[PDB]
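Note sheet for the following structure.
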Amino acid sequence: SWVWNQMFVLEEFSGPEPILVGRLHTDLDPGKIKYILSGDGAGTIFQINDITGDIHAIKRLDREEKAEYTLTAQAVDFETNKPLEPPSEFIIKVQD
Amino acid sequence: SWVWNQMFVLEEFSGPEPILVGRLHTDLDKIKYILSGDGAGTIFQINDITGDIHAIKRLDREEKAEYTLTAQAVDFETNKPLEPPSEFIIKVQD
């Protein structure tokens, strides 16, 4: 019952310069995973790379405006777009 | 399955002033959070009440890129485990 699916971003260090928040990652193996990000500020505030799974904040964050972002993680096969993981919620929580 | 038990810390923002890394949390309803392993206490410091992990030294990814730690949750009175002891990883920047 450990809860691991949250990430924290320090608002002070956020801005137009992208800052690494976390990474989507599956323990699933070879045989390539495409990482898809949706929900609360996906694309605009938080940007994913579909290959690496890296999530960067690409905007200044303001905890007083919004303190928590609920996002959905997805993983699909590059060729067929068939799911390789269940769509799964995780939370990005903003700093101070 | 999704792997969530990793926390990333940016080396550039580390130093003598503590920066928040992440937080140990159990979905139980009281809980004492205990941290052990790679740099527990010296580099990474936990608040046993809130579960907050701070980095309290300048990190250096060239020296050590990755820290394997153990999360524990115990009862304040009896110190018996409320969760099984679980590994997690703090990864440092670039």
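The basis for the numbers below is simple: all heavy atoms, side chains too, and nothing from hydrogens, waters or symmetry mates. So that the names make sense, note that chain A is the first sequence line, chain B the second, and so on, each numbered from 1.
- No chain of hydrophobic side-chain contacts below 4.5 Å, direct or via other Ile, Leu, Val, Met, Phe, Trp or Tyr residues, connects B:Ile19 to B:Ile56.
- Annotation: side chain of A:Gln95 is not in contact with side chain of A:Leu61 (no heavy-atom distance under 4.5 Å).
- To the nearest 0.5 Å, the span separating CG on A:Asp50 from OG1 on A:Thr52 amounts to 8.0 Å.
- Of the possible polar contacts, none joining the A:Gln6 side chain to the A:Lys93 backbone as a donor-acceptor pair under 3.5 Å is found.
- Side-chain atoms of A:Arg63 come within 3.5 Å of backbone atoms of A:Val94 as a donor-acceptor pair (strictly under, hydrogens ignored).
- When atom types are taken as modelled, the side chain of B:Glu83 and the backbone of A:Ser1 share a donor-acceptor pair closer than 3.5 angstrom.
- Under the 4.5 Å side-chain heavy-atom criterion for grouping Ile, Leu, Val, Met, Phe, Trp and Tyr, B:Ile34 is not connected to B:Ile46 through any hydrophobic cluster.
- Cluster membership check: A:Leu20 shares its hydrophobic cluster with A:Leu71, using side-chain heavy-atom separations under 4.5 Å among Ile, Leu, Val, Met, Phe, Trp and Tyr.
- Between B:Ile31 and B:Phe76, the shortest heavy-atom contact is O-CE1, 3.2 Å.
- Closest heavy-atom contact between A:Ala57 and A:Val21: N-CG2, 3.6 Å.
- Residues that satisfy the salt bridge (charged side-chain N to carboxylate O under 4.0 Å, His left out) test with B:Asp38, not counting sequence neighbours, are B:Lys64.
- Residues B:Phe88 and A:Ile91 do not share a hydrophobic cluster, defined by chaining ILVMFWY side chains whose heavy atoms lie under 4.5 Å apart.
- Hydrophobic clustering places B:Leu10 together with A:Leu10 (ILVMFWY residues linked when any side-chain heavy atoms are closer than 4.5 Å, directly or through intermediates).
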B:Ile43 and B:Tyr67: CA distance, side-chain angles, deciding distance, side chain to side chain contact (heavy atoms under 4.5 Å, CB included) verdict: CA-CA 10 Å; B:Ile43 291 168; B:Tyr67 291 82; 3.7 Å; yes

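- Here the side chains of B:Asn79 and B:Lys32 are in contact, with some heavy-atom distance below 4.5 Å.
- A donor-acceptor contact shorter than 3.5 Å is absent between the side chain of A:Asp96 and the backbone of A:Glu11.
- Residues satisfying the ring-ring contact (aromatic ring centres under 6.0 Å, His included) test with B:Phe8, not counting sequence neighbours, are none.
- Using a cutoff of 4.0 Å between basic side-chain nitrogens and carboxylate oxygens, A:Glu17 and A:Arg60 are not scored as salt-bridged.
- Using modelled atom types, one side-chain atom of B:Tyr33 and one backbone atom of B:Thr26 make a donor-acceptor pair closer than 3.5 Å.
- Atom-to-atom distance recorded for B:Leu82:CG and B:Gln72:CD is 11.0 Å, nearest 0.5 angstrom.
- For A:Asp77 and A:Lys32, the salt-bridge test fails: no basic side-chain N is under 4.0 Å from an acidic carboxylate O.
- Shown here are the ring-ring contact (aromatic ring centres under 6.0 Å, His included) partners of A:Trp2, two or more places apart in sequence or in another chain: A:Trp4.
- A heavy-atom distance below 4.5 Å is not found between the side chains of B:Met7 and B:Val9.
- Side chain of B:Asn5 to backbone of B:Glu87: a donor-acceptor contact under 3.5 angstrom is found.
- To the nearest 0.5 angstrom, A:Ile51 atom CD1 is 9.5 Å from A:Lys34 atom NZ.
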